[PDB]
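Below you'll find the structure, written out as structure tokens, and then a few comments.
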Ligand SMILES: NS(=O)(=O)c1ccc(Cc2ccc([N+](=O)[O-])cc2)cc1
Ligand SMILES: NS(=O)(=O)c1ccc(Cc2ccc([N+](=O)[O-])cc2)cc1
Ligand SMILES: [Zn+2]
């Protein structure tokens, strides 16, 4: 067996193999907008994706990852709440079986249809595997998806999904520009948290954008045609691959905006 999002191995079971699941800085969380405090000391986010080099897309059995060449300082996240330079390694999404659920973070208990995670590692730790062992090792930029108008910059991702239907399939995926997945505004909330999948390491500075992007119903329907299973195994649609909100405990969520 293995962890997953099924009836028998979903989020409420993860603690049995990953006891940090019940830890002090777990993610995602509900963002209570009225209690989040505006912090005028927070800087604008600096997103520098002009030279980003995508390489490949992978169905890993839990989601799909669009992977980047992180061997040089290209595609970096700086500023905001962060000290230093964080390099983009991959992005992926979490989504629902229906448009009314799918996000990991919630906003005043509102669930979005999906949530995009742009994952970055702190260059002071040299590579990703070392960074996840540090409390300031990662910065994950989270972006909500709502269903409405299509996101033109998402379509190249949607169209390659047919070629990675099942667990363990990958496809070449070069020249994809992740700037096409951003909203207009970079206003954000931030808090200290964790990976949202096992091993659930408490190594993430979360930066969650206030403004969702709009994707079309047809775009998200194509996410829901993916499979958790491998080729030749009983079909299990890749849907509801989100962890619910976890206790905030002794944390403060800060807002970059009034
Ligand atoms: N703690 S965990 O890594 O999430 C984990 C959870 C459950 C199990 C056992 C398991 C039992 C049944 C199924 N199942 O029917 O698909 C899948 C897994 C094994 C491991
Ligand atoms: N969903 S999320 O919090 O943005 C997230 C981002 C990246 C990862 C990837 C990952 C991170 C760490 C390990 N690990 O230490 O074995 C394995 C995979 C896992 C989860
Ligand atoms: Zn994620």
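Could you list, in sequence order, all residues of region 12-35 that are away from ligand 1 (no atom under 16 Å from the Cβ), under 20 Å from residue 115 (Cα atoms) and assigned to a loop (DSSP other than H, G, I, E, B)?
Going through region 12-35, the residues away from ligand 1 (no atom under 16 Å from the Cβ) turn out to be 24-25, 27-35.
Add one more test, that the residue is under 20 Å from residue 115 (Cα atoms), and what stays is 25, 27-33.
If the condition is that a residue be away from ligand 1 (no atom under 16 Å from the Cβ), under 20 Å from residue 115 (Cα atoms) and assigned to a loop (DSSP other than H, G, I, E, B), then 25, 27, 28, 29, 32, 33 are the ones that fit.
Count, please, the residues in region 71-95 that happen to be outside any strand (DSSP E or B) and either within 14 Å of ligand 3 (Cβ to nearest atom) or surrounded by fewer than 19 Cβ atoms within 10 Å (Cβ to Cβ) (or both). Even if it seems obvious, please write down each step before you answer.
The initial filter retains those residues of region 71-95 that are outside any strand (DSSP E or B), namely 71-75, 80-85.
Then keep just the ones that are either within 14 Å of ligand 3 (Cβ to nearest atom) or surrounded by fewer than 19 Cβ atoms within 10 Å (Cβ to Cβ) (or both); that gives 71-74, 83-85.
Total satisfying the criteria: 7.
Against the definition (at positive phi and away from ligand 3 (no atom under 16 Å from the Cβ)), how does residue 175 come out, yes or no? Spell out how you get there, then give the answer.
Values: at positive phi: yes; away from ligand 3 (no atom under 16 Å from the Cβ): yes.
So residue 175 fits the description; yes.
Quick one: residue 223 ticks every box in (1) closer than 20 Å to residue 86 by Cβ; (2) within 16 Å of ligand 3 (Cβ to nearest atom); (3) in contact with a strand residue (DSSP E or B) (Cβ under 6 Å, 6 or more places away or on another chain) except a single one, so which number is it?
(1)
Among the numbered criteria (1) touching a residue at least 40 places away in the same chain (Cβ under 8 Å); (2) assigned to a helix (DSSP H, G or I); (3) touching a strand residue (DSSP E or B) at 6+ places or on another chain (Cβ under 7 Å); (4) surrounded by fewer than 14 Cβ atoms within 10 Å (Cβ to Cβ), which single criterion is violated by residue 163?
The failed condition is (1).
Limited to region 107-155, what total is found for residues that are touching a helix residue (DSSP H, G or I) at 6+ places or on another chain (Cβ under 8 Å) and away from ligand 2 (no atom under 16 Å from the Cβ)?
Count: 8.
Could you grab me the full set of residues in region 231-258 that are over 28 Å from residue 33 (Cα atoms) and part of a loop (DSSP other than H, G, I, E, B)? Reasoning before the result, please.
Of all residues in region 231-258, those over 28 Å from residue 33 (Cα atoms) come to 231-238.
Within region 231-258, 231, 232, 233, 234, 235, 236, 238 qualify.
Could you figure out which of (1) within 27 Å of residue 247 (Cβ to Cβ); (2) buried (at least 19 other Cβ atoms within 10 Å of the Cβ); (3) within 16 Å of ligand 2 (Cβ to nearest atom) isn't true of residue 23?
(2)
Can you tell me which residues in region 127-155 are more than 16 Å from ligand 3 (Cβ to nearest atom) and part of a strand (DSSP E or B)?
Filtering region 127-155 down to residues more than 16 Å from ligand 3 (Cβ to nearest atom) leaves 127, 129-130, 133-136, 146-155.
The answer is 146, 147.
Determine whether residue 62 is within 15 Å of ligand 2 (Cβ to nearest atom), in contact with a strand residue (DSSP E or B) (Cβ under 7 Å, 6 or more places away or on another chain) and either on the phi > 0 side of the Ramachandran plot or in contact (Cβ under 8 Å) with a residue 12 or more places away in the chain (or both). Steps first, please.
Numbers: within 15 Å of ligand 2 (Cβ to nearest atom): yes; in contact with a strand residue (DSSP E or B) (Cβ under 7 Å, 6 or more places away or on another chain): no; either on the phi > 0 side of the Ramachandran plot or in contact (Cβ under 8 Å) with a residue 12 or more places away in the chain (or both): yes.
The answer is no for residue 62.
Looking at 36, 52, can you tell me which residue is within 24 Å of residue 154 (Cβ to Cβ), in contact with a strand residue (DSSP E or B) (Cβ under 8 Å, 6 or more places away or on another chain) and in contact (Cβ under 8 Å) with a residue 60 or more places away in the chain?
Numbers: 36 fails: within 24 Å of residue 154 (Cβ to Cβ).
Only one candidate passes the filter, namely 52.
Considering only residues that are surrounded by fewer than 17 Cβ atoms within 10 Å (Cβ to Cβ), touching a residue at least 12 places away in the same chain (Cβ under 8 Å) and not in a helix (DSSP H, G or I), which ones fall in region 108-126? If you could, list the steps in order and put the result at the bottom.
Looking only at region 108-126, we keep the residues that are surrounded by fewer than 17 Cβ atoms within 10 Å (Cβ to Cβ), and these are 108-110, 123-124, 126.
Those left that are additionally touching a residue at least 12 places away in the same chain (Cβ under 8 Å): 108-109, 123-124.
Hits for region 108-126 are 108, 109.
Computed from the coordinates by the stated procedures, all read-outs in this text should not be read as laboratory data. Here the Cβ is made from the backbone with ideal geometry for all residues, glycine too, and neighbour counts use every protein chain on show.
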